[PDB]
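Notes follow once the structure below has been shown.
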Amino acid sequence: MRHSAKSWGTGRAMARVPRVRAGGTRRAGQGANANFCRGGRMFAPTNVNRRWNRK
Amino acid sequence: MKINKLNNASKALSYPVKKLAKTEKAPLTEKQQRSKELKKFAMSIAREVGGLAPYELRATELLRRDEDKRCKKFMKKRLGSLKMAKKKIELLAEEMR
Amino acid sequence: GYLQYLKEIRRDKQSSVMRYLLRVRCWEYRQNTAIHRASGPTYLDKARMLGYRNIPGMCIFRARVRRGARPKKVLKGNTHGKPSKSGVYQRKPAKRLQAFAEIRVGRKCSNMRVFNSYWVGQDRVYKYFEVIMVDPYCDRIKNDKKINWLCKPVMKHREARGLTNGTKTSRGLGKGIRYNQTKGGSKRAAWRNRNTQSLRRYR
Amino acid sequence: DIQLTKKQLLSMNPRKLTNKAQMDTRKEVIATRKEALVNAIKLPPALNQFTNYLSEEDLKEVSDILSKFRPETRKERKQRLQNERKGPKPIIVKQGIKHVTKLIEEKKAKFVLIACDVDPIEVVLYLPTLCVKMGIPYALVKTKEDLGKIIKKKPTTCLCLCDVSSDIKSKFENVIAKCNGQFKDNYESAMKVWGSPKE
RNA sequence: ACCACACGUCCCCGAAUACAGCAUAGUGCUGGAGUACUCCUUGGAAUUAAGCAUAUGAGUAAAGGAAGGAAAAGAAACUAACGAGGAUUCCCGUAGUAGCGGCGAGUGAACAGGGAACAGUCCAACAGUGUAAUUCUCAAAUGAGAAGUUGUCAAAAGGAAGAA
RNA sequence: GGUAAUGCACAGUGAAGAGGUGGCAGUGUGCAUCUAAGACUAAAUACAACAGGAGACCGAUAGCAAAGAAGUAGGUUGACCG
RNA sequence: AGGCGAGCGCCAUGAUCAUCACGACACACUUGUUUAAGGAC
Ligand SMILES: [K+]
Ligand SMILES: [K+]
Ligand SMILES: [K+]
Ligand SMILES: [K+]
Ligand SMILES: [K+]
Ligand SMILES: [K+]
Ligand SMILES: [K+]
Ligand SMILES: [K+]
Ligand SMILES: [K+]
Ligand SMILES: [K+]
Ligand SMILES: [K+]
Ligand SMILES: [K+]
Ligand SMILES: [K+]
Ligand SMILES: [K+]
Ligand SMILES: [K+]
Ligand SMILES: [K+]
Ligand SMILES: [K+]
Ligand SMILES: [K+]
Ligand SMILES: [K+]
Ligand SMILES: [Mg+2]
Ligand SMILES: [Mg+2]
Ligand SMILES: [Mg+2]
Ligand SMILES: [Mg+2]
Ligand SMILES: [Mg+2]
Ligand SMILES: [Mg+2]
Ligand SMILES: [Mg+2]
Ligand SMILES: [Mg+2]
Ligand SMILES: [Mg+2]
Ligand SMILES: [Mg+2]
Ligand SMILES: [Mg+2]
Ligand SMILES: [Mg+2]
Ligand SMILES: [Mg+2]
C-alpha cells in the first residue's frame, strides 16, 4: 500500500484499477493496490491477533 | 438474578461488638495559647489601619434602620452562601455595638 | 512576627490603603515594556510562601496579559462544516491567563528555570503577574540544599509541560470520584486504559 | 548626553520609546511623571503619617546619644572570643524588622526609630499602631541612610533600644518628651485626616 | 604484508554567530537536529443513523510547544455505612452493569473481592541578640573588600556484595 | 457516564479562620470522614533508530519499494514521484 | 412635626441616601499644536 495511486476512470479504453502516478520510468501507469496486481496487497493480510494456543 | 431478595428491615441488622471510647484532646498547652492570642491580635491591627469595605458600610447602614430582611438578601447576593451571610451579619452587628 | 501583619493587610483588597496602592502600581506597570525585570518582590510574605530567598541566582520578572475570551482563528466567520461548530465568539481558553505569562517569561529568560508565580494587579485591559526564576549554572545554587533539585535535567521547561502552579490547574488532577477522568496520570492515559482490547494466551 | 528639562520629560509618551538605545530615557520619563501623579491625589490617613519626620537638629541630638551603643565589628568580635568573659552585660542598639517586632510584642523595647523612604511601604506601615497599643514611644526619620550612619553600617528600616545606662538617663527622658509631642500624643487625631494635594 | 583495539590529524557551506536574548563576585547559559513511546495546547471532514439538521466517527486525524531513558502520577480538604478500610502505577474483576441518548442509531465509569511491587519526606507560617554565628574574593599566617538585617545560616566518612 | 451541574475557563462579585465532602434542587439540626488554594519521591508499566537470539512464516511477478554501485537509474518549474 | 372633606386619601414643607444637566480646575486617556493642545468627554 506504499505508492501514490488513483483510478483513471472510464473513457480511456482501460480497466478501472488504481494506477501508479509517475514519470520517467516504465512504472508509470501500472496497476497498484489490488490483490490481482503485481506488487499489490494480499487478500486478508495475515495478522498477529489470531488465536495460537488451545485449551 | 442474585439481587434484591432481603427486606430493608433485615438488611439493617448488625453484629454486637465491644467498642473503644475516643481519646479526647481537650488540653491546650501554654505555647499554643500564646500562638492563638498573637494571631487574633494581628487581625485587630489590620481593621484599625485600613477600615471597612464598601459593602460592609452599606450593610451596617441597613442595620441601623432595622432593615434586617433587606440586609439578609443583600449579603446573600454578595457572598453566595447563606451561611457566610449569617456569620458576617453577626460579626458586623458586634462591631457596631 | 512581622510576616503575619503583612498577610492580614494583603488580604484586605478593598481597604483604603490597598485601593490607593493598587491604583498607583497598576499605572506604573502599564508604562513599562510587556515583560520586564523587577527590583524585588512587591509582596514579601507571598513571595516567601512560594520559595523566594534574597540569595544570588534568584530573580523576579513581571509580565502582563490581555483580558477576556479568545476568538476562533477563521476568516469572515467561515468554518466549512456543520452548524453546531460554527460559533466564533464566547469561546473561553482551557488554561488560566496566568499560564500565558509563565510561558512567555520562560522564552525570554531561556537560561533559567521557572519556579512559581502570583497575581499583583488588574485594570480594564491587562492583568499583571510576578514570576520567580532560578539559575542552575550558578555556584551559589549548585551548592544549596533546598533548591539544588532544580538542576536535575528533567526540570528543563516545567511550564511547557503543565508542571508549574499556574499551568497545572487545567489538567483536572485530584483524588476521589469527582476526578475519574484522570485515573492513570492524565486524560489521555485514562482514554488508552478504556479503549483497548486485551487478548490473553488461553481464551 | 544632554539633560532634558522637567517640561520635556513631562511631555514625552513613554510607550513610543522602543529602541535598546532609548531605555534609560524611558526610565526617566516614568520617574518624573509618577511624581506629578502622587502629588495630585489624596493620601489615606495611615500613609499620610510618613510625611512627618524629625528635623536635622533633632536628628543630631538623638544620634549624639545613640552613637555610644554601636555594635561590634568582625575584628572586635574575633578578639573578644580569644579572651575570657568579663564585666557586666553590654547595652547595644538593635536592628532589623524581624527582631524589632518581637521586642515590641514582648514589651522589652523602650524606644524605636523608623525610616520613611521605604518601598514597598507595607513593611513598616503597621509599626506606629503597634507602638501606640503597647505604649512604647517612637519617632520617624526621613531616610534609611540616616539610620545606617548611627550604627556605622548598611541602611536599615528601623532601630530599637531596650535599656538605659544611668549616665545618660537625664538626656534620654528629655528626648522622649520631645518625641511624644510630635508623634505618639498626636496619634488619635492623625488617623482621621487625609493628606491634601501639595501646593 | 595484513587485521583488531584506542589516540592524533579532521577542506568549504550549514543553528552559522565579529550575532541575538539573558544571569553571576566571576566563569557562563540558551538557539539547531531527533520526537516510536510520555506530557501540555489547538482542533476537522469523509463515515453511521438506510434521508438529515442534535448525536456518531472523536477529543481521533492534521498543525504547534517540550523532556527522558522511560515519561506522567503519587502519600487523602479519599472511600464507605461494614464487626469497615487506608499513597501512586500495573494485572484479573465488578461490567457491555448503574446510567447518558431525535430514550433513536449508539454510547458507558467507580468502590469491593484475588494478585505484582512496595517508602515516605521537605518549604512557609516559626533561627542563638552577652553581638550575622552565614556565603564568596584577594592576601596573609592573620588583614582588606563584595553579597546580606526588605533576614543569611538546621551536619558524617564509610563497603563488600551484585551484575554484564 | 455524572443525570435540577463531572471537570476546566472568562467577566462581574467575593469569605471565614475555621472550613471541605457523604453520585437526587432547597432550608434547619445532630452524626461519620478528611484538611484545598506551596514542593519532592524508588520499584512494579509503555515503545523507533541500533545490537543479539529464535521461528508449523516467504522463497526472486513472492518476502521490505530495494537478495548486485536502491531511495539507485530516471522524472516534476515546484512541493514531491520512482 | 403642618392644613382640607362627610383615622382615611388628598393638598403643604422639613430633616435622611443615591441621582441628571450646567460650570471650573488638571492627574487618567488622546493627538508630530509636543518645553504644546485637548480632557473625564
Ligand atoms: K495510501
Ligand atoms: K479581613
Ligand atoms: K543581587
Ligand atoms: K479548546
Ligand atoms: K471499552
Ligand atoms: K528544540
Ligand atoms: K447517512
Ligand atoms: K446509504
Ligand atoms: K480520524
Ligand atoms: K518523575
Ligand atoms: K511530580
Ligand atoms: K486509592
Ligand atoms: K490489594
Ligand atoms: K502534597
Ligand atoms: K519491486
Ligand atoms: K536521481
Ligand atoms: K483646562
Ligand atoms: K497638560
Ligand atoms: K493652555
Ligand atoms: Mg508484495
Ligand atoms: Mg430491595
Ligand atoms: Mg450495621
Ligand atoms: Mg480552581
Ligand atoms: Mg448524503
Ligand atoms: Mg460530538
Ligand atoms: Mg465519547
Ligand atoms: Mg498528530
Ligand atoms: Mg521552617
Ligand atoms: Mg451531582
Ligand atoms: Mg525457486
Ligand atoms: Mg521484489
Ligand atoms: Mg521537463
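Values below: all heavy atoms of this structure, side chains included; hydrogens, waters and symmetry mates excluded. Just so it is clear: chains get the letters A, B, ... in the order the sequence lines come, proteins before strands, and each one is counted from 1.
- Searching all strands for a Watson-Crick or G-U wobble partner of F:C64 with both distances below 3.5 Å returns nothing.
- Using a 4.0 Å heavy-atom criterion, one finds that C:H157 contacts the sugar-phosphate atoms exclusively.
- Across all strands shown, C:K175 has heavy atoms under 4.0 Å from base atoms, whether or not it also approaches the sugar-phosphate.
- Between E:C37 and E:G106, neither a Watson-Crick nor a G-U wobble pair is formed under the 3.5 Å criterion for both distances.
- Note on C:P93: only backbone sugar-phosphate atoms sit closer than 4.0 angstrom, heavy atoms only; bases stay farther off.
- C:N165 has its CG atom 10 Å from the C1' atom of F:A39, to the nearest Å.
- Among the protein residues, A:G39 comes within range of the sugar-phosphate backbone only, with heavy atoms under 4.0 Å from sugar or phosphate atoms but none that close to a base.
- First and last contacts of RNA chain E with chain D, using any nucleotide atom under 4.0 Å from a protein heavy atom and ordered 5' to 3', fall at E:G21 to E:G151.
- Taken as a pair, E:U48 and E:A55 qualify: Watson-Crick (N1-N3 plus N6-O4 or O6-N4) or G-U wobble (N1-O2 and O6-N3), both under 3.5 Å.
- Between C:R53 and C:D144, at least one side-chain nitrogen of the basic residue sits less than 4.0 Å from a carboxylate oxygen of the acidic one, meeting the salt-bridge criterion.
- Distances were taken from every side-chain heavy atom of C:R96 (C-beta onward) to each of F:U6, G:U16, F:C10; the shortest belongs to F:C10.
- Note on B:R47 versus B:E56: salt bridge recorded, some NZ/NE/NH1/NH2 to OD/OE distance being below 4.0 Å.
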Protein-nucleotides 75-79 of chain F N/O pairs under 3.5 Å:
unit_1: F:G75; atom_1: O2'; unit_2: A:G23; atom_2: O; d: 3.4

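- Here F:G82 is the nucleotide among F:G82, G:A28, F:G14 with the atom lying nearest to any side-chain atom of A:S4.
- On the basis of its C1'-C2'-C3'-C4' angle being negative, E:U17 carries a south sugar.
- A:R2 comes within 4.0 angstrom of a base, heavy atoms only.
- Under the 3.5 Å cutoff applied to both distances, G:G38 and G:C29 qualify as a Watson-Crick or G-U wobble pair.
- E:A144: Watson-Crick or G-U partner is E:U137, with both key distances under 3.5 Å.
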